[PDB]
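Source file: structure_14.pdb (PDB, C-alpha atoms)
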```
ATOM      1  CA  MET A   1    -175.533  46.958 -75.923  1.00  0.00           C
ATOM      2  CA  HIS A   2    -176.749  50.482 -75.545  1.00  0.00           C
ATOM      3  CA  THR A   3    -180.235  50.053 -74.267  1.00  0.00           C
ATOM      4  CA  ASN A   4    -182.941  52.688 -74.382  1.00  0.00           C
ATOM      5  CA  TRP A   5    -182.143  54.195 -71.073  1.00  0.00           C
ATOM      6  CA  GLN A   6    -183.889  56.951 -69.301  1.00  0.00           C
ATOM      7  CA  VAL A   7    -182.606  59.964 -67.529  1.00  0.00           C
ATOM      8  CA  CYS A   8    -184.448  61.317 -64.540  1.00  0.00           C
ATOM      9  CA  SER A   9    -184.181  64.546 -62.672  1.00  0.00           C
ATOM     10  CA  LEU A  10    -184.414  64.472 -58.950  1.00  0.00           C
ATOM     11  CA  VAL A  11    -185.470  67.360 -56.884  1.00  0.00           C
ATOM     12  CA  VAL A  12    -183.657  66.647 -53.724  1.00  0.00           C
ATOM     13  CA  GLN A  13    -184.774  68.565 -50.709  1.00  0.00           C
ATOM     14  CA  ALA A  14    -181.959  68.342 -48.281  1.00  0.00           C
ATOM     15  CA  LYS A  15    -180.427  70.184 -45.311  1.00  0.00           C
ATOM     16  CA  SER A  16    -179.637  73.583 -46.778  1.00  0.00           C
ATOM     17  CA  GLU A  17    -176.638  73.743 -44.424  1.00  0.00           C
ATOM     18  CA  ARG A  18    -175.274  70.359 -45.499  1.00  0.00           C
ATOM     19  CA  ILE A  19    -175.721  70.943 -49.221  1.00  0.00           C
ATOM     20  CA  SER A  20    -171.992  70.906 -49.994  1.00  0.00           C
ATOM     21  CA  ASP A  21    -171.464  67.466 -48.402  1.00  0.00           C
ATOM     22  CA  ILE A  22    -174.579  65.996 -49.957  1.00  0.00           C
ATOM     23  CA  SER A  23    -173.959  67.338 -53.482  1.00  0.00           C
ATOM     24  CA  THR A  24    -170.350  66.139 -53.500  1.00  0.00           C
ATOM     25  CA  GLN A  25    -171.400  62.691 -52.331  1.00  0.00           C
ATOM     26  CA  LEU A  26    -174.353  62.419 -54.739  1.00  0.00           C
ATOM     27  CA  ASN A  27    -172.286  63.461 -57.739  1.00  0.00           C
ATOM     28  CA  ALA A  28    -170.016  60.561 -56.859  1.00  0.00           C
ATOM     29  CA  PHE A  29    -172.873  58.155 -57.524  1.00  0.00           C
ATOM     30  CA  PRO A  30    -172.963  56.116 -60.766  1.00  0.00           C
ATOM     31  CA  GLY A  31    -174.969  57.966 -63.355  1.00  0.00           C
ATOM     32  CA  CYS A  32    -175.800  60.775 -60.986  1.00  0.00           C
ATOM     33  CA  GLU A  33    -174.839  64.324 -61.900  1.00  0.00           C
ATOM     34  CA  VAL A  34    -175.723  67.383 -59.874  1.00  0.00           C
ATOM     35  CA  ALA A  35    -177.192  69.748 -62.388  1.00  0.00           C
ATOM     36  CA  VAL A  36    -178.546  72.498 -60.192  1.00  0.00           C
ATOM     37  CA  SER A  37    -177.597  73.306 -56.644  1.00  0.00           C
ATOM     38  CA  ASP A  38    -179.573  75.873 -54.654  1.00  0.00           C
ATOM     39  CA  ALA A  39    -178.042  75.910 -51.211  1.00  0.00           C
ATOM     40  CA  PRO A  40    -180.508  78.577 -49.717  1.00  0.00           C
ATOM     41  CA  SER A  41    -183.568  76.351 -50.272  1.00  0.00           C
ATOM     42  CA  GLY A  42    -181.658  73.132 -49.959  1.00  0.00           C
ATOM     43  CA  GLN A  43    -182.605  72.017 -53.412  1.00  0.00           C
ATOM     44  CA  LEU A  44    -180.354  69.803 -55.393  1.00  0.00           C
ATOM     45  CA  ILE A  45    -181.238  68.773 -58.873  1.00  0.00           C
ATOM     46  CA  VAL A  46    -179.619  65.503 -59.651  1.00  0.00           C
ATOM     47  CA  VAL A  47    -179.941  63.884 -63.000  1.00  0.00           C
ATOM     48  CA  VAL A  48    -179.556  60.172 -63.015  1.00  0.00           C
ATOM     49  CA  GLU A  49    -179.130  58.194 -66.196  1.00  0.00           C
ATOM     50  CA  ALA A  50    -179.295  54.424 -66.070  1.00  0.00           C
ATOM     51  CA  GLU A  51    -179.612  51.581 -68.577  1.00  0.00           C
ATOM     52  CA  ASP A  52    -182.709  49.870 -67.266  1.00  0.00           C
ATOM     53  CA  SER A  53    -185.583  51.310 -65.262  1.00  0.00           C
ATOM     54  CA  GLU A  54    -184.681  48.991 -62.392  1.00  0.00           C
ATOM     55  CA  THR A  55    -180.994  49.998 -62.518  1.00  0.00           C
ATOM     56  CA  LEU A  56    -182.269  53.539 -62.187  1.00  0.00           C
ATOM     57  CA  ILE A  57    -184.319  52.573 -59.112  1.00  0.00           C
ATOM     58  CA  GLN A  58    -181.252  50.863 -57.535  1.00  0.00           C
ATOM     59  CA  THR A  59    -179.298  54.051 -58.000  1.00  0.00           C
ATOM     60  CA  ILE A  60    -182.081  56.491 -56.908  1.00  0.00           C
ATOM     61  CA  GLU A  61    -182.851  54.451 -53.784  1.00  0.00           C
ATOM     62  CA  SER A  62    -179.220  54.799 -52.778  1.00  0.00           C
ATOM     63  CA  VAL A  63    -179.517  58.585 -53.291  1.00  0.00           C
ATOM     64  CA  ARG A  64    -182.464  58.543 -50.844  1.00  0.00           C
ATOM     65  CA  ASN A  65    -180.330  56.638 -48.319  1.00  0.00           C
ATOM     66  CA  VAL A  66    -177.993  59.551 -47.695  1.00  0.00           C
ATOM     67  CA  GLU A  67    -178.131  61.407 -44.547  1.00  0.00           C
ATOM     68  CA  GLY A  68    -178.886  64.882 -45.451  1.00  0.00           C
ATOM     69  CA  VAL A  69    -181.634  64.261 -47.844  1.00  0.00           C
ATOM     70  CA  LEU A  70    -185.054  65.021 -46.492  1.00  0.00           C
ATOM     71  CA  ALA A  71    -187.184  64.292 -49.492  1.00  0.00           C
ATOM     72  CA  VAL A  72    -186.381  63.187 -52.988  1.00  0.00           C
ATOM     73  CA  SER A  73    -188.955  64.274 -55.429  1.00  0.00           C
ATOM     74  CA  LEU A  74    -188.561  62.146 -58.500  1.00  0.00           C
ATOM     75  CA  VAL A  75    -189.424  64.133 -61.633  1.00  0.00           C
ATOM     76  CA  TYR A  76    -190.335  60.914 -63.327  1.00  0.00           C
ATOM     77  CA  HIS A  77    -192.716  58.836 -61.346  1.00  0.00           C
ATOM     78  CA  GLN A  78    -195.140  56.100 -62.134  1.00  0.00           C
ATOM     79  CA  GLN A  79    -197.975  54.619 -60.151  1.00  0.00           C
ATOM     80  CA  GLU A  80    -197.462  51.739 -57.790  1.00  0.00           C
ATOM     81  CA  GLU A  81    -197.361  48.310 -59.405  1.00  0.00           C
ATOM     82  CA  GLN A  82    -200.490  47.455 -57.376  1.00  0.00           C
ATOM     83  CA  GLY A  83    -200.896  44.092 -58.996  1.00  0.00           C
ATOM     84  CA  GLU A  84    -202.925  43.067 -61.924  1.00  0.00           C
ATOM     85  CA  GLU A  85    -206.068  41.244 -60.817  1.00  0.00           C
ATOM     86  CA  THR A  86    -206.352  39.558 -64.174  1.00  0.00           C
ATOM     87  CA  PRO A  87    -203.067  38.986 -66.078  1.00  0.00           C
ATOM     88  CA  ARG A  88    -202.475  39.826 -69.656  1.00  0.00           C
ATOM     89  CA  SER A  89    -200.990  37.787 -72.466  1.00  0.00           C
ATOM     90  CA  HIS A  90    -197.604  36.295 -71.706  1.00  0.00           C
ATOM     91  CA  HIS A  91    -195.473  34.878 -74.483  1.00  0.00           C
ATOM     92  CA  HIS A  92    -192.865  32.950 -72.586  1.00  0.00           C
ATOM     93  CA  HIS A  93    -192.672  29.911 -74.777  1.00  0.00           C
ATOM     94  CA  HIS A  94    -190.215  27.095 -74.355  1.00  0.00           C
ATOM     95  CA  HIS A  95    -191.317  25.752 -77.643  1.00  0.00           C
TER      96      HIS A  95
END
```

Please express the file's structure as structure tokens.
Amino acid sequence: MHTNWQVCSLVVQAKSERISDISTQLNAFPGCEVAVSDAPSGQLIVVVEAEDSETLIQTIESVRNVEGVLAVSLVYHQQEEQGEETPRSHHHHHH
């Protein structure tokens, strides 16, 4: 099915010299499109669209595993999971 997926822009700070290699490689990722490419600053805007939030993470983490990327600033970020000290209502019923 077509799930309610989310797109996320990535401000990729990378080696300004190596921008051509990095952009080419990143645009070859699944769901990743290089929208904006500013070679002078080393900024690559990559928009990633993925089905589930976790599928997005799987993809974005791979983006951050490229040599050339210095910092990936995710335009859409949440807090850490942290852990809930007192759980909420779960409705996992077998019956």

Determine the residue set returned by the PyMOL selection byres ((chain A and resi 43-56) around 7) for the present structure, and present it as a list in words. residues 3, 4, 5, 6, 7, 8, 9, 10, 11, 12, 13, 14, 31, 32, 33, 34, 35, 36, 37, 38, 39, 41, 42, 57, 58, 59 and 60 of chain A

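Take the candidates A:78, A:25, A:89, A:20 and check each one against residue 64 in chain A using only C-alpha atoms; the shortest distance goes to A:25.
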
Taking the file as I've supplied it (selection: the PyMOL selection byres ((chain A and resi 68) around 6)), which residues are included? Please answer as a PDB file with C-alpha atoms, in the frame of the given file.
```
ATOM      1  CA  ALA A  14    -181.959  68.342 -48.281  1.00  0.00           C
ATOM      2  CA  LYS A  15    -180.427  70.184 -45.311  1.00  0.00           C
ATOM      3  CA  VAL A  66    -177.993  59.551 -47.695  1.00  0.00           C
ATOM      4  CA  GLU A  67    -178.131  61.407 -44.547  1.00  0.00           C
ATOM      5  CA  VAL A  69    -181.634  64.261 -47.844  1.00  0.00           C
TER       6      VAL A  69
END
```

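Straight-line separation from CA of residue 19 in chain A to CA of residue 74 in chain A: 18.1 Å.
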
Report as JSON the centre and the edge lengths, in Å to one decimal, of the axis-aligned box holding every listed atom of range 61-80 of chain A, padded by 8 Å on each side.
```
{"center_x": -188.0, "center_y": 58.4, "center_z": -53.9, "size_x": 36.0, "size_y": 29.3, "size_z": 34.8}
```

When distances are computed from all atoms listed in the file, which of A:82, A:24, A:17, A:90 shows the smallest separation from residue 40 in chain A?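 For residue 40 in chain A, the nearest of the candidates is A:17.
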
Between CA of residue 76 in chain A and CA of residue 22 in chain A lies a distance of 21.3 Å

Provide the CA of residue 80 in chain A to CA of residue 63 in chain A distance in Å, to one decimal place.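 Computing it gives 19.7 Å between the two atoms.
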